[PDB]
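1. structure of the sequence below:
(one chain, ligands or ions: 2)
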Amino acid sequence: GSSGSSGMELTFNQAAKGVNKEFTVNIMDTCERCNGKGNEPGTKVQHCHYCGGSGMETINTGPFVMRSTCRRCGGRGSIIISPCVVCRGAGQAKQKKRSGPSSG
Ligand SMILES: [Zn+2]
Ligand SMILES: [Zn+2]
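-> Numbers count the residues shown, from 1 in each chain. Ligands and ions are numbered 1, 2, ... in the order given. See the structure here:
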């Protein structure tokens, strides 16, 4: 076997532009213990007043006011007596995956 012609018909050297190669080694997926909730699967939760279920807090200082994400709940709308032990209330963790089917 031997050859060496040209044509430049199609391009099948690299993959699409969107799907960047080696995006990021580290793997981040939705927690499993809390299922992307941020609390222990064996604990209860309390209603937050600061935001009132909106996850938004307001800082009234003088003739002006500021706006920052609730601190008591953390922009959730409720107080987690016991925050997850895997994601520590992050909503995502490291899920060792090989393929990782986006759609599904
Ligand atoms: Zn709150
Ligand atoms: Zn978790």
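
2. so for the protein, the centremost residue is which one?
-> The chain has residue 92 as the residue nearest its centroid, 5.4 Å off, counting by Cα atoms, centre = their mean.

3. and residue 97, backbone torsions?
-> Note on residue 97: its backbone torsions stand at phi -130, psi 150 [degrees, to the nearest 10].

4. for it, which non-adjacent residue is closest in space?
-> residue 27 (5.8 Å; Cβ to Cβ, 6 or more residues apart in numbering). In short, each C-beta sits where N, CA and C put it, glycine included.

5. surely the one you found touches residue 94?
-> Yes - counting by Cβ atoms under 8 Å, residue 27 does reach residue 94; the two are 5.7 Å apart.

6. what about residue 46, distance to ligand 1?
-> Going from residue 46 to ligand 1 by Cβ to the ion, to the nearest Å gives 10 Å.

7. break down this protein into its strands, ranges please.
-> 29-30, 46-47, 56-61, 64-69, 78-79, 92-93 (DSSP state E).

8. distance between the ends of stretch 13-29?
-> Criterion Cα to Cα, to the nearest Å; first-to-last residue distance in stretch 13-29 is 30 Å.

9. so how many other residues sit close to residue 17?
-> Neighbour count for residue 17, taken as other Cβ atoms under 10 Å: 6.

10. the one 10 residues further on too?
-> For residue 27, the tally of surrounding residues (other Cβ under 10 Å) stands at 12.

11. same deal with residue 99?
-> Counted with other Cβ under 10 Å, residue 99 comes out at 5.

12. how near is it to residue 27?
-> As judged by Cβ to Cβ, to the nearest Å, residue 99 and residue 27 stand 11 Å apart.

13. also residue 69?
-> Distance from residue 69 to residue 27, by Cβ to Cβ: 27 Å.
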